[PDB]
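Peer 1: first chunk of the complex, coordinates as they sit in the assembly:
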Amino acid sequence: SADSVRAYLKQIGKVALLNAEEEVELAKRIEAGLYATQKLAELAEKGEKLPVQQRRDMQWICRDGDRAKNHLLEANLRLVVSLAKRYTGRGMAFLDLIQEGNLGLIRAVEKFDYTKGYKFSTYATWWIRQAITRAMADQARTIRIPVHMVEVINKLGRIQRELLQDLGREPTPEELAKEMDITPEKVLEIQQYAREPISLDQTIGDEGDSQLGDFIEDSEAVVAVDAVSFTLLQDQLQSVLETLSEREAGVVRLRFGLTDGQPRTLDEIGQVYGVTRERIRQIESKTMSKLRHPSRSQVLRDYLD
Amino acid sequence: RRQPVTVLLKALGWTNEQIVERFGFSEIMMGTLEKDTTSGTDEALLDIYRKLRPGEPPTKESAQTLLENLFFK
Amino acid sequence: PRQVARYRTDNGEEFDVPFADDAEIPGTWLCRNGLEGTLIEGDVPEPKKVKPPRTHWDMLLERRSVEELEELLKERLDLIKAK
């Protein structure tokens, strides 16, 4: 077919819908094959290979079981599609909705119970709907939001729609936080989570074919004037420290990690010069008041920022 | 494309006699129905069906409502 | 100031991962290949608190008792004996 969904519908339509008696039939075969498998698997541990005729028939019970599971599924594929139709346009592709429903359909088959005497579509509808809605919460947003948060965002929406109809207006943050039994500050934080991103490849203004993306600055880009002045600042400090003593400057450099880039603690500097941390604290205060001396500081003033 | 204008007049169910009746002085009107190999009002609706809904096997219930639902509805 | 460890994925490939020497080398590392890899050194320390996933049999067992399965199977094989 021309379309992709039209192609999938063609093949799901080639199967026949079961009646109540058949569903019960397949259900038995599925459980029969599973137990036949678990029992034979129990033999693998302790051996005791079965007779020839008893082994060939057990291998068929299992094969007939999986043939049942596959037939029960293929017969109910139409049900998944019927439920997925209503959840389109909400941010998921129709086929993805179908496939996720198929995942739910599979578990319905695994957990379905035929002794309850209920039609299959009654129990499977729960899983297929949950599988589809659970899927949307995990995939429909570029920036994923966990299920419990997607649960509140929706609830807040209906409250706003119901509150919208009773007040002939949109409710304010206080009315919404009241109807939902939450703090107004919370409803704001929630309304920020619900925001969805926009496309950088979008065209801002059909008038001028200007793509939004190319209007975005690079905040982390290197600024030439600053890096050059910073290089000049780095030189001016080298000179100012030349006025200080060999140990005065040596402690200043290690204290702020000018050479290594790794600052050092008072005790660690006292470990290279062989003194206590307090002595280094003292040498620090004096060299700092020396740097504060206007002769050395006047040159560095213009580097405030 | 690939549609003989006469085949659809058979899709509605009008018999060839009415074609010679209504067409009248039209020369190509008569010459086209003689050229078309479609026989029957329900068979022309099928030649119109598979080309409009390719890939879908039709049904007498869907082939007839196809034309009406497309325009008349 | 780095120590290099080597891991081997399940399919044979091997990858070099530079670490800091002062750090404790992990026994497994998500590799550039996309699979888990095992250290080629001593350990190999742990089983990593694994629990088997849930299977179709489990879901069937929690509803049908083992006896109910036997009779249903007896129904099926007897139907097979009739030919």
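Peer 2: It's in. Numbers count the residues shown, from 1 in each chain, chains lettered A, B, ... in the order given.
Peer 1: Could you check how many residues crowd around residue A:108?
Peer 2: 22 (other C-beta atoms under 10 Å in any protein chain shown). In this view, the C-beta of every residue, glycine as well, is placed from N, C-alpha and C.
Peer 1: Look up how far chain B lies from it.
Peer 2: Residue A:108 sits at a distance of 29 Å from chain B (criterion: C-beta to the nearest C-beta, to the nearest Å).
Peer 1: which bits of the stretch 51-200 of chain A sit near chain B?
Peer 2: Within reach of chain B by C-beta under 8 Å from any C-beta of the partner chain, the stretch 51-200 of chain A has no residues at all.
Peer 1: and the lengthiest helix in chain B, which residues are buried?
Peer 2: The longest helix of chain B (DSSP state H) is helix B:41-52. For helix B:41-52, the neighbour count (16 or more other C-beta atoms under 10 Å in any protein chain shown) marks B:41, B:44-45, B:47-49 as buried.
Peer 1: near chain A, which of those residues show up?
Peer 2: Okay, of the buried residues of helix B:41-52, nothing touches chain A (C-beta under 8 Å from any C-beta).
Peer 1: For chain C, give the residue positioned nearest to chain A.
Peer 2: Nearest residue of chain C to chain A, counting by C-beta to the nearest C-beta: residue C:69, 3.9 Å away.
Peer 1: was I right about that residue contacting residue A:35?
Peer 2: Yes - Residue C:69 is in contact with residue A:35 according to C-beta atoms under 8 Å; the separation is 3.9 Å.
Peer 1: out of the two, which sits in the busier spot?
Peer 2: residue A:35 (24 against 19).
Peer 1: can you give me the helices for the chain?
Peer 2: Because you didn't say which chain, this covers chain A. Going by DSSP H, chain A shows helices at A:4-12, A:20-46, A:52-84, A:94-111, A:120-139, A:147-167, A:173-179, A:184-193, A:224-243, A:246-256, A:266-272, A:277-291, A:294-297.
Peer 1: look at chain C instead
Peer 2: C:56-61, C:66-81.
Peer 1: Further, place DNA strand D onto the existing structure:
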DNA sequence: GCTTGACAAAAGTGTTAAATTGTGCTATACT
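Peer 2: Following on from the chains above, DNA strand D is added here:
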């Protein structure tokens, strides 16, 4: 020039409670 002890702020660690997050499930019948 430097060291010692008292000391409090600051920084890490380990231990717990609160919170956040993932997953399973819902049986009139509905294709």
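Peer 1: again for the neighbour count of residue A:108, DNA strand D present now?
Peer 2: 22.
Peer 1: so who does the closest residue to it other than its chain neighbours touch?
Peer 2: Closest residue to residue A:108 apart from its sequence neighbours, by C-beta to C-beta, 6 or more residues apart in numbering or on different chains: residue A:124 at 3.8 Å. Residue A:124 is in contact with A:76, A:79, A:104-105, A:108-109, A:112, counting by C-beta atoms under 8 Å, 6 or more residues apart in numbering or on different chains.
Peer 1: cool, and residue C:39?
Peer 2: Per C-beta under 8 Å, 6+ apart, neighbours of residue C:39: C:5-7, C:25-29.
Peer 1: Only the buried residues of stretch A:189-202, if you could.
Peer 2: residue A:190.
Peer 1: buried residues in stretch A:241-257?
Peer 2: Buried-residue list, stretch A:241-257, by 16+ other C-beta under 10 Å: A:241, A:244, A:248-255.
Peer 1: Let me have the residues you listed in JSON lines, extended by distance to residue B:68.
Peer 2: As requested, those are arranged in JSON lines below (distance: C-beta to C-beta, whole Å):
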{"residue": "A:241", "distance to residue B:68": "95"}
{"residue": "A:244", "distance to residue B:68": "99"}
{"residue": "A:248", "distance to residue B:68": "101"}
{"residue": "A:249", "distance to residue B:68": "97"}
{"residue": "A:250", "distance to residue B:68": "98"}
{"residue": "A:251", "distance to residue B:68": "97"}
{"residue": "A:252", "distance to residue B:68": "94"}
{"residue": "A:253", "distance to residue B:68": "92"}
{"residue": "A:254", "distance to residue B:68": "93"}
{"residue": "A:255", "distance to residue B:68": "91"}
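Peer 1: Of these, just say which sits nearest to chain C.
Peer 2: Closest to chain C out of the buried residues of stretch A:241-257 is residue A:254 (18.6 Å), distances taken as C-beta to the nearest C-beta.
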